[PDB]
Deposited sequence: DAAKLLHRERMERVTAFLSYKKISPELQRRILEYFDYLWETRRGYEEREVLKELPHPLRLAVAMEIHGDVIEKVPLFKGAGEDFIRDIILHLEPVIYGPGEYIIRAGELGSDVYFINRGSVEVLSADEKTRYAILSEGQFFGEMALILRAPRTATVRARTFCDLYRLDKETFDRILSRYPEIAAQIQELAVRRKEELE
C-alpha cells in the first residue's frame, strides 16, 4: 500500500505549504476532508494519467463501462441508444465539490451542464433566501442557460460531497441538434422556468 502512502504523501506537500502560508484551520480542514473523499472515491488512481496512452476506441470502451453509472441512472438517457452515448461519454468530465461550495452563481454566463452521480446539491436564488430544489443522483442542472439562451437562472451549491460530470456547452449544443428526443430536457427547463417566477 505505497498507494495509500503516496496518497498521504501527495497531500502533506499541500498540507506543509498551507501550514507555512498560515491558513485557517477551518480551511485546512476542508482541504483534508477533500483529500479523504478523493482517496475513498478514487483510491489514488488518476483516470487521466493512467489511460492517456490508450487508443481512442479503447478510451471509448472503458468510458462506457466505468462511467456508465451516470448514463443508466439518468431516466431520460434510455431509449437514447449507444450512438448518443458514444458522442457524450468522453465529454463528461468528473469534478468534485464539497459541502457549501458554489458550483453555479446566478447571473453568470456559463453554459456547462452538470450531471449528478453522487451527493446532493441546492438550487437557490440570488439572495439565497429561496430553495427551489434539492437535486441528487441521476439528476442534472445548468441545462437552462443554453436551451433558454439566458444567463444562469439560479445559484447551485453543494449540500454534501458531490461527484459530478461536467459537459461542455459545445458538446451540449451538438447533442440537442443531432439527438432530438432534446425536448424532454426542454420540457424540463420550461417547468423549472415556470416554477421560478
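Asks: In sequence order, what intervals of the deposited sequence carry no C-alpha positions?
Replies: Missing from the model is only the stretch 182.
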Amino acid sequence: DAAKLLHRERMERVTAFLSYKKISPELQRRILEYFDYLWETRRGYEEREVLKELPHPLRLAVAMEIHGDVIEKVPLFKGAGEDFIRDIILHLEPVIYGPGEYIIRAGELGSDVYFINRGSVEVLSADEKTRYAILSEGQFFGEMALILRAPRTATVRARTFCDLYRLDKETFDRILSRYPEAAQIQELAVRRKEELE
From here on, numbers count along this sequence of modelled residues.
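Asks: For the higher mean C-alpha B factor in the entry, choose 40-48 or 163-171.
Replies: That would be 40-48.
Asks: According to the deposited model, is the average Cα temperature factor higher in 19-27 or in 5-13?
Replies: Going by the record's values, the stretch with the higher mean is 5-13.
Asks: Which of these, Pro94, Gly98, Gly119, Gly79, has its C-alpha atom at the highest B-factor, as the entry lists it?
Replies: Among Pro94, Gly98, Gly119, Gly79, the PDB entry lists the largest C-alpha B-factor for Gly79.
Asks: When the modelled residues of the chain are sorted by Cα temperature factor, does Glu65 land in the lowest, middle or highest third?
Replies: Middle third - that is where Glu65 ends up once the chain's C-alpha B-factors are sorted.
Asks: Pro75's Cα B-factor: lowest, middle or highest third of the chain?
Replies: CA B-factor rank for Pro75: highest third.
Asks: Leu148: which third of its chain by C-alpha temperature factor?
Replies: Highest third of the chain for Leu148's C-alpha B-factor.
Asks: Where does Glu128 sit by CA temperature factor within its chain: lowest, middle or highest third?
Replies: Middle third, going by the recorded CA B-factors of the chain.
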